[PDB]
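Chains as they are written, first to last, in PDB author numbering: chain D, 119 to 130, 144 to 281; chain B, 119 to 131, 144 to 281; chain A, 119 to 130, 144 to 280; chain F, 130 to 211, 215 to 230; chain E, 129 to 230; chain G, 130 to 231.
Where is the CB? At the ideal position from N, CA and C, for every residue including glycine.
One structure below.
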Ligand SMILES: [Cl-]
Ligand SMILES: [Zn+2]
């Protein structure tokens with residue numbers, strides 16, 4: 119197991148949004164950690180290198196027409212890193228807005244993003260989202276992972 | 119030749147949700163390929179046990195004519211399943227989109243991409259299943275399916 | 119040392148859309164090039180092989196309707212390659228349409244796609260988009276990369 | 130040969146571990162290294178029966194809404210009108229119009 | 129000169145050329161591609177002007193009443209009925225452009 | 130082994146490079162190999178203070194709009210009224226919608 123990778127799934144500071152901290156790590160066949168570990172919803176790096184980091188967050192909601200406001204929701208997924216620096220550093224953001232139509236009965240918005248980043252040993256990576264209360268934490272729907280590329 | 123990966127694309131020709151896409155194309159050098167994996171009934175078959183980053187993009191493309199009015203609301207879901215040594219297919223990933231609720235909507239363009247890492251055993255089969263299969267655009271560059279060994 | 123990968127981010144021909152040529156490649160920790168190089172917004176291949184290629188393009192716009200016609204937008208991300216052939220070859224396309232509701236005050240549409248492609252030494256890969264004027268070039272928002280698989 | 134429903138296989142070639150009630154399950158004899166995660170009923174559904182080590186949760190759309198083969202994610206409100217209504221809507225189908 | 133003619137691509141065999149399959153793929157120029165380019169399919173909103181040949185991709189065009197501009201390459205859009213208040217129609221709509229107002 | 134605010138670490142183990150004013154910055158002592166990129170104010174915002182080698186840009190929503198914790202990307206128009214059964218205790222700010230009580 120000289121393999122450096124992880125895939126963790128949903129379970130039922145100066146950073147934007149709210150950190151997802153309810154990830155599940157070891158159901159054989161569904162999620163796993165190989166030469167990385169989880170701490171307070173943050174994936175911790177062991178081996179310095181280039182990592183392809185990705186995350187899918189499912190915004191799922193039934194909506195009731197807001198009487199004095201628009202039914203507009205900004206669904207944003209943020210991927211941050213904590214390094215040898217006091218503030219978390221934004222690596223990636225992916226945004227979506229819900230349907231402006233007042234005829235809207237519900238919303239299904241899965242957001243996936245990924246990219247390659249150089250990380251140092253003991254750097255921590257986490258996912259932060261807006262509207263955390265609309266997130267569906269089904270294992271197959273919302274997840275977070277990384278693997279060593281270089 | 120010791121490379122374990124595949125990228126198969128669209129072509130116009144059980145207890146699982148949605149309907150399995152079975153019209154994928156494997157050869158055509160530069161556009162699709164199979165290296166140490168094979169295709170059978172639209173399912174990618176694993177040869178080497180390991181950690182695989184699996185992904186798929188499915189393009190939902192349609193012209194819509196609102197009449198009388200409802201129910202034109204569409205749930206566009208992409209499911210990625212695996213068949214292992216177990217009677218039922220096991221869901222690995224799902225990604226969903228709903229169409230625009232506006233009555234002014236003339237058409238819909240909804241590309242869905244998802245990917246993730248999964249441990250697979252030799253002879254495990256992976257496939258893509260979607261809702262509204264009749265709205266899928268199978269252009270090679272638009273809808274595709276693939277995987278590669280990470281560990 | 120022998121790592122073949124790149125991740126380049128935004129800075130503020145017969146191909147569809149318009150080529151993004153304003154990528155940055157040298158910010159340590161944010162963007163990099165390892166055994167690939169950038170030229171006119173195109174990533175150039177050094178080592179022949181299978182590459183997982185990906186891109187995220189952020190369409191962000193504030194746009195209040197104008198009392199007449201429809202403001203319906205087709206947001207398309209194209210990933211092309213230039214090889215030993217006169218025309219660019221489309222590898223991937225990902226499309227989204229904006230919200231048709233006339234109550235729409237703005238649009239936030241991030242588009243991500245990726246896939247594996249066999250590339251030859253000196254093949255060039257680039258990103259082209261429709262509505263280039265609506266693209267937000269924040270470094271965490273729009274980016275382009277690849278790595279040898 | 131196989132681990133019974135409500136169990137999965139362990140590292141030791143001939144041993145079976147029981148699934149955790151309410152967390153995971155297995156509906157058939159198997160050799161999986163983990164039980165399958167239980168399904169959660171969403172806010173638009175009602176739970177008909179809970180998850181057991183041998184049966185996944187069984188959910189059904191709330192009255193007035195339905196779900197079908199092409200709408201597996203969210204329950205949809207049943208159509209108010211039609215053509216004449218030959219059949220009423222069910223948790224698994226909209227109204228039938230003749 | 130190590131280039132295969134239009135209607136053909138380079139083979140696995142270093143010195144050979146394979147012909148494209150009519151209706152399936154093509155190549156418009158001399159090349160050394162390992163596969164011919166896939167033919168384009170006209171979508172439900174388009175009409176086929178000319179079919180795919182081993183040397184020419186299919187030619188599609190928006191159906192009458194609709195168009196496709198540089199920023200709307202995916203789906204044909206309905207042509208605008210009129211010009212806004214105080215503007216006159218200088219040009220009629222084409223399969224490649226909406227009405228021009230000035 | 131830490132560079133001061135307004136600077137980051139170099140390749141040379143003991144050196145510090147200064148951030149480029151208007152391009153990047155660093156707010157604390159550090160050993161980053163690059164300064165953090167400056168934020169750009171978008172069309173819906175106004176710049177309160179520019180980016181300096183030690184402070185990121187400070188933007189603010191344009192009058193009549195706001196940005197809060199659940200709407201960090203685009204400024205939203207302030208709500209006209211309070212929901213069913215609620216009064217209006219606080220007016221909207223560039224960082225918050227109207228406050229409603231009861
Ligand atoms: Cl919409
Ligand atoms: Zn909409």
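Item	Value
I want to know whether the segment 177-187 of chain B touches the segment 226-236 of chain B - three or more CB-CB distances under 8 angstroms.	no
Can you give the Cα-Cα distance for residue 265 of chain B and residue 142 of chain F, rounded to whole angstroms?	47 angstroms
Contact criterion: CB-CB distance below 8 angstroms. Does residue 225 of chain E meet it with respect to chain A?	no
Would you say residue 258 of chain A reaches chain B, if we count a Cβ-Cβ gap shorter than 8 angstroms as a contact?	no
Can we count residue 232 of chain D as close to ligand 2, meaning its CB is less than 7 angstroms from some heavy atom?	yes
Can you find a CB in chain F that lies within less than 8 angstroms of the CB of residue 165 of chain D?	no
Just the Cα atoms here: how many angstroms apart are residue 262 of chain D and residue 242 of chain A?	20 angstroms
How big is the Cα-Cα spacing for residue 223 of chain E and residue 192 of chain E?	7 angstroms
Using a Cβ-Cβ cut-off of 6 angstroms (strictly less than) and excluding sequence neighbours within five positions of residue 145 of chain F, which residues of its own chain qualify?	132 and 136
Taking DSSP's pairing of strands, which residues face residue 174 of chain F in a bridge?	F:190
Using three-state DSSP, classify residue 147 of chain B as helix, strand or coil.	coil
By how many angstroms is the C-alpha of residue 157 of chain G removed from the C-alpha of residue 167 of chain G?	15 angstroms
To the nearest angstrom, report how far apart residue 123 of chain B and residue 178 of chain E are at their CA atoms.	37 angstroms
Can you tell me whether residue 202 of chain F is helix, strand or coil according to DSSP?	coil
Going by DSSP, name the residue or residues bridged to residue 195 of chain E.	E:205
Does residue 219 of chain D get closer than 8 angstroms to chain G when you measure Cβ to Cβ?	no
Give the residues of chain A in contact with residue 245 of chain B, contact being defined as C-beta atoms less than 8 angstroms apart.	245
Can you tell which of G:189, G:174 and G:183 has its C-alpha closest to the C-alpha of residue 150 of chain G?	G:183
Whole angstroms are fine: how far does the CA of residue 279 of chain D sit from the CA of residue 172 of chain B?	30 angstroms
Measuring CA to CA, which of B:151, B:184 and B:203 is closest to residue 238 of chain B?	B:203
So, using beta-carbon positions, are residue 245 of chain D and residue 183 of chain D closer together than 8 angstroms?	yes
Among E:229, E:212 and E:171, which residue has its Cα nearest to the Cα of residue 204 of chain E?	E:171
Does DSSP put residue 161 of chain A in a helix, in a strand, or in coil?	coil
Find out if the Cβ-Cβ distance for the pair residue 160 of chain A, residue 169 of chain G is shorter than 8 angstroms.	no
DSSP three-state label for residue 167 of chain B, please.	strand
Does residue 263 of chain B come out as helix, strand or coil in the three-state DSSP assignment?	helix
Where do the N-terminal and C-terminal ends of the beta strand (DSSP E) with residue 126 of chain B fall, by residue?	123-128
Tell whether a beta-carbon distance below 8 angstroms holds between residue 162 of chain A and residue 125 of chain A.	yes
Just list the beta strand (DSSP E) runs in the segment 139-166 of chain E, keeping only unbroken ones of 3 residues or longer that don't cross its boundaries, in chain order.	145-147
In whole angstroms, what separates the C-alpha of residue 247 of chain B from that of residue 152 of chain F?	22 angstroms
Please check if any C-beta of chain G sits within less than 8 angstroms of the C-beta of residue 194 of chain D.	no
When the Cα of residue 194 of chain D is compared with those of D:276, D:236 and D:268, which residue comes out closest?	D:236
Where does residue 227 of chain G fall in DSSP's three states?	coil
Residues in the segment 147-176 of chain F with C-beta within 9 angstroms of chain D's C-beta atoms, listed in sequence order?	153, 161, 162, 163, 164, 165, 166, 167, 168, 169, 171, 172 and 173
Using the Cβ count rule (16 or more neighbours within 10 Å means buried), how would you classify residue 168 of chain B?	exposed
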